[PDB]
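These notes concern the structure reproduced below.
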Amino acid sequence: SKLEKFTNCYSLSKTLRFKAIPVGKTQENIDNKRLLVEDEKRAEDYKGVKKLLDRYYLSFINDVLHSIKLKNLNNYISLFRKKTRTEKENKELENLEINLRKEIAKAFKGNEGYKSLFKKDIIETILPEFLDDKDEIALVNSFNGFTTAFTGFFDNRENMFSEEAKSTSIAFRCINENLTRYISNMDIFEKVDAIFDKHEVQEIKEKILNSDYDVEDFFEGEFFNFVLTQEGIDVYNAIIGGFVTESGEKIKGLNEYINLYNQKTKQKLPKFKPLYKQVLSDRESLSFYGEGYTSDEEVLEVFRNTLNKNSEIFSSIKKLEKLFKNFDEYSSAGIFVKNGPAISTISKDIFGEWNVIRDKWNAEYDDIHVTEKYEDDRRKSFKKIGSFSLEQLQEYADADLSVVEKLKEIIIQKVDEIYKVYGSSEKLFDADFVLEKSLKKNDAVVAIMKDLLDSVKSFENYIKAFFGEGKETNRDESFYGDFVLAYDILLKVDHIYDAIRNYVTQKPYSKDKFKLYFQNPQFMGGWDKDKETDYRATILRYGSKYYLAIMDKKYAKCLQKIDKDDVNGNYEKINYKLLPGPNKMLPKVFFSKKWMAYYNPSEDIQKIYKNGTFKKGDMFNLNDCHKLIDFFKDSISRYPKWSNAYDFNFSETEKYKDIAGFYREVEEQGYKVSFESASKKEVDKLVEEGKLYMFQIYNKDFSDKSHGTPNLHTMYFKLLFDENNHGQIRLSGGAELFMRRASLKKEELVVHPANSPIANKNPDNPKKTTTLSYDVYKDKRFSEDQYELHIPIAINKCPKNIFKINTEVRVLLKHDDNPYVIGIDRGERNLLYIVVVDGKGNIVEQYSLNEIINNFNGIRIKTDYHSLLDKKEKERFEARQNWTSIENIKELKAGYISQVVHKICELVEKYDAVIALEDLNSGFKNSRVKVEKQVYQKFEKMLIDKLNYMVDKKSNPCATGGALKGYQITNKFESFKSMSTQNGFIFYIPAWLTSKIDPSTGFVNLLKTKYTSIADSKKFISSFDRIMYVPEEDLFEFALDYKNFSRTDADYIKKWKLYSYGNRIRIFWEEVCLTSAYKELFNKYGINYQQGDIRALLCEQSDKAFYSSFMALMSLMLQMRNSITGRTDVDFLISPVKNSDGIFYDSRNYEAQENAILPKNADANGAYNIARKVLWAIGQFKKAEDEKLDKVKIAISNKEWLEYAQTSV
RNA sequence: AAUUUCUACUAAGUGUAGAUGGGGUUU
RNA sequence: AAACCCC
């Protein structure tokens, strides 16, 4: 099998979460010695200490950058493209680059105390001194010794930036952002000083710092001369925009002073830009994260209650739209609409149809530049267009449409709709509103919130596109000045939406935990026996029960003293030994100056360890290699800590080609799991006294009332301590114990009382009603306090079969005579459909995954998830698409996807098959009641992730595909966009022409039979080779050459005679028989259809209605997929063309056949053809040589597909 | 309507079938 | 605020 070679390929790591149950008096002692109170306190103060840590970071920044008056690069930088230099910004662009770089570098070098800022010292000493509030210092001192909690905070408060770009940087913020708005500072503000009189300037200087001489370089153009870094970002803004002192009168800075010219005297110089404040703090902090939502009264509607500013900007954008007519006068071309999905929507809104704009653009492309390839380049260029000016759209106006004014109508309609829900939300806003049944049961109140939120959100989303791509040249600043102001405040509603939604859609409990340290900052940091007095945590084992023993601070050596009890019971303590990374461990500790004695290495070998000799380059050769290996080998023999711990059976040095062959042995053999015995009695006495704290590592599969297949994470854990595990699964260090407290009360849980019948909810369960002898509660686990043990593991840490997966698959597929492919397609009447084909394209198996059959004991119980979804979708219609119903739908879908992952994994194993899925980064699907793109993307991610280590829970763990020898047939997930060609066994293919194609002929309708005009219909009719009526078979035959029609280059056969066979569902629904209705249209218009070629007679008609109805019957004839929306019984695929044997395909002639040879339905056709597109790719591999198999393009074009389809049959 | 957790459950009576990397860090 | 570090 080809799957068999994909074992031990690469390393992966997982975290297995468990429950820890306090054994014996552990909990009593933990509670008596108050061992979780300081851990909980720390976890509550974590955020507050981080706030104070940031106070120091702010003060650091405002004492370093508030001294940096460097401008050593230039205090002028007057090379700012005023007169584009060096050969039109050739080396001038490089001079602009170097300037930027060096200025940012200056501002960024390790500043005045960069060491004690992001290390332990800040919490230890710096922060306590800086702070002057006893309680604040107390919080900081409660984190002494436990400053490892702030590691990621430290690596984002410093290490998010460095000497680079990105908004995270403070220098980027100061140079590559703030000097951009300060580059407008030497050209014409003094010419705009007509309004800014002498008395005005002096008035505002007497209001701001009088020490500040004037207003200086301010808001003009060209270069800079005063600020550079931060010279009072707020001071600048105080007079750029406006500030209020203590006077009360809003001291117009200079922006309102410009408005005197713009309003009192009506001029058109615009307003100026305020300096971006250093991101809240300087680089981070949080503004609109506005949290606290835990009660039904927190946040209190930040849409018009807490934030009336959101309502204020509805009026702001309303004004902007009425001002659209005057923005015409000042740059209507300047208003751009971002090209994207919104452009199609805006086309429908302004003109009529969604494609108007696209067609008008393609038409211009068709003036200068209809082949398949041609259209690819057309779209490529359209996508590249970043935005469309409003004037460009007025030119693309088909007729007399004023784009700008039409837009104005649309936006005013939208703002009025917001106001409609504002009228309906007055009660919610009232201060005297009363919450009756919570906010998780008051679906009327929830609806009020949702509806208003949606109205606001929709307006905001529509107005978003009116910005453009961002970097345009002409951009009316009189629009794009106040627009950006208002839209930034509107964008805040996405937060409020999500927050209110998440409170309503929350689970009734909490999953909030806190890390426990047991007064040991190095708690459970590893499992090393040598550091059992530092980690103070070990895994014990009695029988099949596994335990977590934690030594007390005072009694850390307690378990090291306990010996076995030959006669009595015995706990087995783990002896965990691991050499962590020989490639670094050995060099570090053996070349060291400490080790410059026992096996002293010389400075030449120290430079081998330094320069880069032993690592890589052309310096690495056998000299250093073998010498170092032998030195390491023998210094390991001189190291009792590594020699007695692991008997390192090595091979000869000559065999070792590189040092890595040697290091592989030191990793494989440098790991041991053993189990030494300890008297159970003594261990239990330690637990009684409080000297040891034992917990049972537990999941429901560790119950004695548990009988079936264990969870795979339980098997992984149990095999960590197994004898057949030889390092395949290792226990990585880094385990954490947490404590999730109770969130629900036991008395308030929904009980199903004892000895009372409980209805069974699966309709396909032969048993309804259950009756238990005990009570069953809802969410029992969250009504009690739980300890959570999170244990990291390492699968395949020493990979042995290292190859490129993608290439190896291609090579194996090229040499497989019968390669099977599993095509999976999301359908309309099916959630997912699976068609497995073989090497020749013969359907070996076709079935829907609507129902999932679980196999417990020997019984198989089916669960139709499609019916479950239908029920939940009816519950989404009732309760007007509320948040909860859609989350229930999404959770059901995610859970269904988990079951399907298993089903697909089994098919891979059964058929040694490659999977064929849809590239979701290309075309679209309709409203298939099924996985939508989001859930199908999650499915593909989960499928990749499962196939990174594919294991069957019901196989012998030491067999291929068993827990210790799983299949790594895909590569690690990177991105959703990286799922586009091959991931290993998964091939992603485009799904164009896979469903609406005839499986037996390959026929696709490439005709556009939508009625346009009488003349176009005559052109259509006469473009046919013959439109006659065959009287023998009673079928009108329409012979066609596709070459006589447009955009049909993809077709291979080109010559197809269509026939009016059978019935079509005209969804207007009606089952129209085509022959009959053609006859009827002809008889209605008095056309003798029995007169041979009737093409000319059809063209001799003149009534537009004949043409429209011939066109509609034409459309229907070419409809292969015919399905009634509602009645699910009726759904089929019917061919207009006959095959070689003279038969038209009907899916209805296959749905009954158990082993159909052609698709049974339309959803089966999709999956069949998805798998046949990969079969094409396998034939492409088969034609190429093995060295260039990785270069074989697996992307099918519609032309090559249609050739394959039309010529394989 | 029980769960390391999630989804579906009751699935044979305190559970069943699958899946399940955690922890910081970002408005 | 999607992907970003360490496991």
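Suppose we filter the stretch A:705-723 for residues that are within 30 Å of the chain's Cα centre (by Cα) and within 6 Å of RNA strand B (Cβ to nearest atom); how many remain?
3
Does residue A:799 satisfy the condition of being away from RNA strand B (no atom under 11 Å from the Cβ), farther than 27 Å from residue A:694 by Cβ and surrounded by 12 or more Cβ atoms within 10 Å (Cβ to Cβ)?
yes
Of all residues in the stretch A:767-791, how many are within 16 Å of RNA strand C (Cβ to nearest atom) and outside the structural domain of residue A:9 (by TED's automatic domain parsing)?
Residues meeting the conditions: 0.
Have a look at A:917, A:868 and point out the one that is more than 24 Å from residue A:805 (Cα to Cα), more than 16 Å from RNA strand C (Cβ to nearest atom) and of a type in the set (A, V, I, L, M, F, W, C).
A:868
Say we look at the stretch A:180-217 and pick out the residues that are among the basic types (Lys, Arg) and part of a loop (DSSP other than H, G, I, E, B); which of these is surrounded by the most Cβ atoms within 10 Å (Cβ to Cβ)?
Among them, the one singled out is A:181.
Is it true that some residue in the stretch A:748-770 is part of a loop (DSSP other than H, G, I, E, B), within 16 Å of RNA strand B (Cβ to nearest atom) and within 32 Å of the chain's Cα centre (by Cα)?
No, there is no match, as no residue in the stretch A:748-770 is part of a loop (DSSP other than H, G, I, E, B), within 16 Å of RNA strand B (Cβ to nearest atom) and within 32 Å of the chain's Cα centre (by Cα).
Are any residues in the stretch A:1089-1110 hydrophobic (A, V, I, L, M, F, W, C) and crowded, with 20+ Cβ neighbours inside 10 Å, and if so, which ones?
Listed by number, the residues that qualify are A:1094, A:1098, A:1110.
Look at residue A:1043 and say whether it is surrounded by fewer than 14 Cβ atoms within 10 Å (Cβ to Cβ), assigned by TED's automatic domain parsing to the domain that holds residue A:1149 and part of a helix (DSSP H, G or I).
When the stated conditions are applied, residue A:1043 passes them.
Residue check: is residue A:149 within 16 Å of RNA strand C (Cβ to nearest atom), part of a helix (DSSP H, G or I) and surrounded by 13 or more Cβ atoms within 10 Å (Cβ to Cβ)?
yes
May I ask you to list pairs of residues, at least six apart or on different chains, whose Cβ atoms are under 6 Å apart, with the first in the stretch A:1159-1185 being closer than 16 Å to residue A:1197 by Cα and the second being polar (S, T, N, Q)?
From the stretch A:1159-1185, the pairs are A:1169/A:994; A:1170/A:994.
Which one is nearest to residue A:1179 (Cα to Cα) among residues in the stretch A:835-851 that are crowded, with 22+ Cβ neighbours inside 10 Å and among the β-branched types (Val, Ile, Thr)?
Here the answer is A:837.
Condition (residue is away from RNA strand C (no atom under 16 Å from the Cβ), in a loop (DSSP other than H, G, I, E, B) and crowded, with 18+ Cβ neighbours inside 10 Å) applied to the stretch A:256-264: is it met by at least one residue?
The answer is no, given that none of the residues of the stretch A:256-264 is away from RNA strand C (no atom under 16 Å from the Cβ), in a loop (DSSP other than H, G, I, E, B) and crowded, with 18+ Cβ neighbours inside 10 Å.
Looking at residue A:515 and the list (1) over 30 Å from residue A:575 (Cβ atoms); (2) touching a strand residue (DSSP E or B) at 6+ places or on another chain (Cβ under 9 Å); (3) surrounded by fewer than 19 Cβ atoms within 10 Å (Cβ to Cβ), which single condition is not satisfied?
(1)
Taking residue A:939 as meeting all but one of (1) part of a loop (DSSP other than H, G, I, E, B); (2) within 17 Å of the chain's Cα centre (by Cα); (3) within 11 Å of RNA strand B (Cβ to nearest atom), write down the number of the exception.
Answer for residue A:939: the failing condition is (1).
Pick out, from the stretch A:60-139, the helices (runs of 4 or more DSSP H) lying fully within it that include 2 or more residues that are surrounded by fewer than 16 Cβ atoms within 10 Å (Cβ to Cβ) and not hydrophobic (A, V, I, L, M, F, W, C).
Fully inside the stretch A:60-139 and qualifying: A:86-89, A:91-108.
Here are A:818, A:806: which of them is under 28 Å from residue A:908 (Cβ atoms), away from RNA strand B (no atom under 12 Å from the Cβ) and surrounded by 12 or more Cβ atoms within 10 Å (Cβ to Cβ)?
A:806
Farther than 21 Å from residue A:711 by Cβ, within 14 Å of RNA strand B (Cβ to nearest atom) and of a type outside the set (S, T, N, Q) - does that describe any residue in the stretch A:834-848?
Checking the stretch A:834-848: not a single residue is farther than 21 Å from residue A:711 by Cβ, within 14 Å of RNA strand B (Cβ to nearest atom) and of a type outside the set (S, T, N, Q).
Being in contact with a helix residue (DSSP H, G or I) (Cβ under 7 Å, 6 or more places away or on another chain) and not in a helix (DSSP H, G or I) is the filter here; which residues of the stretch A:493-509 pass it?
Correct list: A:505, A:509.
What's the number of the condition residue A:960 fails, among (1) part of a loop (DSSP other than H, G, I, E, B); (2) within 18 Å of the chain's Cα centre (by Cα); (3) more than 16 Å from RNA strand C (Cβ to nearest atom)?
(2)
Counting just the residues of the stretch A:862-881 that are of a type in the set (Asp, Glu) and either in a helix (DSSP H, G or I) or surrounded by fewer than 16 Cβ atoms within 10 Å (Cβ to Cβ) (or both), which one comes out farthest from the chain's Cα centre (by Cα)?
A:878
I want to confirm something. Restricting to the stretch A:963-982 and keeping residues that are outside any loop (DSSP other than H, G, I, E, B) and within 15 Å of RNA strand B (Cβ to nearest atom), which single residue is farthest from residue A:724 (Cα to Cα)?
So, considering only residues that are outside any loop (DSSP other than H, G, I, E, B) and within 15 Å of RNA strand B (Cβ to nearest atom), the one farthest from residue A:724 (Cα to Cα) is A:970.
Inside the stretch A:724-743, can you point out the residues that are within 19 Å of residue A:529 (Cβ to Cβ) and either outside the structural domain of residue A:21 (by TED's automatic domain parsing) or more than 12 Å from RNA strand B (Cβ to nearest atom) (or both)?
The answer is A:725, A:727, A:730, A:731.
Tell me which strands (runs of 3 or more DSSP E) are completely within the stretch A:641-746 and hold 2 or more residues being in contact with a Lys or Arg (Cβ under 8 Å, 6 or more places away or on another chain) and over 30 Å from residue A:615 (Cα atoms), or say none if there are none.
A:671-679, A:692-698, A:736-740
State all residues of the stretch A:329-356 that are among the aliphatic types (A, V, I, L, M) and within 31 Å of the chain's Cα centre (by Cα); if no residue qualifies, say none.
Listed by number, the residues that qualify are A:337, A:342, A:343, A:346.
Which one is farthest from residue A:176 (Cα to Cα), of the residues in the stretch A:265-289 that are more than 12 Å from RNA strand C (Cβ to nearest atom) and aromatic (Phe, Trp, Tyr)?
A:272
Among the residues in the stretch A:1073-1088, are any within 28 Å of residue A:1139 (Cβ to Cβ) and under 49 Å from the mean Cα position of the chain (by Cα)?
So far as the stretch A:1073-1088 goes, yes, one or more of its residues are within 28 Å of residue A:1139 (Cβ to Cβ) and under 49 Å from the mean Cα position of the chain (by Cα).
Return yes when residue A:534 is touching a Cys at 6+ places or on another chain (Cβ under 9 Å), within 30 Å of residue A:688 (Cα to Cα), surrounded by fewer than 21 Cβ atoms within 10 Å (Cβ to Cβ) and not assigned by TED's automatic domain parsing to the domain that holds residue A:316 and no when it is not.
no
Only one of A:158, A:124 is in contact with a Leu (Cβ under 9 Å, 6 or more places away or on another chain) and either more than 16 Å from RNA strand B (Cβ to nearest atom) or closer than 30 Å to residue A:72 by Cβ (or both). Can you tell me which?
A:158
Note: ideal-geometry Cβ built from the backbone for every residue, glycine included; neighbour counts use all protein chains shown. All of this is worked out from the model, or read from it or from the source named; nothing here is a laboratory result.
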